[PDB]
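First the structure, in the form of structure tokens, and then the observations on it.
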Amino acid sequence: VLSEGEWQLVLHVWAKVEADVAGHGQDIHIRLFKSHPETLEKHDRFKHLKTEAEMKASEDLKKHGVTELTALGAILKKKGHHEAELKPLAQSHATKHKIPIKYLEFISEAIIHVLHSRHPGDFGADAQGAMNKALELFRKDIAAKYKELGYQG
Ligand code: ZNH
Ligand SMILES: [Fe+2]
Ligand SMILES: [Fe+2]
């Protein structure tokens, strides 16, 4: 459980992400795929894209990153009160996409890196700490939902 001030830091930087959701979602995917290529393989419909510029040019990839980050933003705005939003996400990710919690860790790392690289003046140590705690809470709770579904993430 985060403090009110930690939530405010998370939502303040999130409002910066919302100025360009598509571009942040591209950058986070490209960082994730470069850092951890197995994660590209899980995105079965995007495995063909060869370079960063091919990734940025893909409308399908851009639209997917907006869907992904819109769901995360809706979860963060609930300030931990997110069972209703988490539930369907855990269902699809445990049963259809088969995303292990470790890959949620990898993308949390990519989110922190991209937020820091785009917004350093609004994402210092305290905001980083608050976003880390927010994403750790998301991962803990989605891992409990995975188990409810019979999936060990
Ligand atoms: C932050 C965190 C996160 C979030 C919020 C999300 C969200 C999301 C959403 C909303 C969607 C749509 C719906 C469904 O479910 O299906 C998706 C899809 C999705 N997903 Zn995911 N995710 C994520 C992570 C992820 C990761 C990490 C991975 C890998 C690795 C993934 C993989 C995925 C896939 C593969 C899909 C499908 C895509 C297409 O369309 O193709 N995922 N996703
Ligand atoms: Fe592989
Ligand atoms: Fe994705």
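Numbers run from 1 along the shown chain.
Note: Cβ is positioned from N, Cα and C throughout, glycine not excepted.
The nitrite binding site annotation in Swiss-Prot covers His64. Marked as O2 binding site by Swiss-Prot on the basis of experimental evidence: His64. Per Swiss-Prot, the feature heme b binding site maps to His93; the stated evidence is experimental evidence. Taken from Swiss-Prot, the feature phosphoserine covers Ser3, and the record attributes it to similarity to another entry. Annotated phosphothreonine per Swiss-Prot: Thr67, in sequence order.
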Which same-chain residues, if any, lie at least 6 apart from the residue listed as 'heme b binding site' yet have Cβ under 8 Å of it = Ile99, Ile142, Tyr146
Secondary-structure category, per DSSP, in which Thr67 (phosphothreonine) falls | helix
Measure from the Cβ of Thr67 (phosphothreonine) and count the other Cβ atoms within 10 Å, all protein chains considered.
-> 11
So which of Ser3, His64, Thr67, listed as recorded positions, have a Cβ under 6 Å from an atom of ligand 1?
-> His64, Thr67
Pairwise Cα distance for the residue listed as 'phosphothreonine'/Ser3 (phosphoserine) [Å, integer] | 28
Just the number: how many Å between the Cα atoms of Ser3 (phosphoserine) and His64 (nitrite binding site)?
-> 31
For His64 (nitrite binding site), the number of neighbouring Cβ atoms whose distance to its own Cβ is within 10 Å equals 17
Cβ neighbours of the residue listed as 'phosphoserine' where a neighbour is any other Cβ within 10 Å = 10
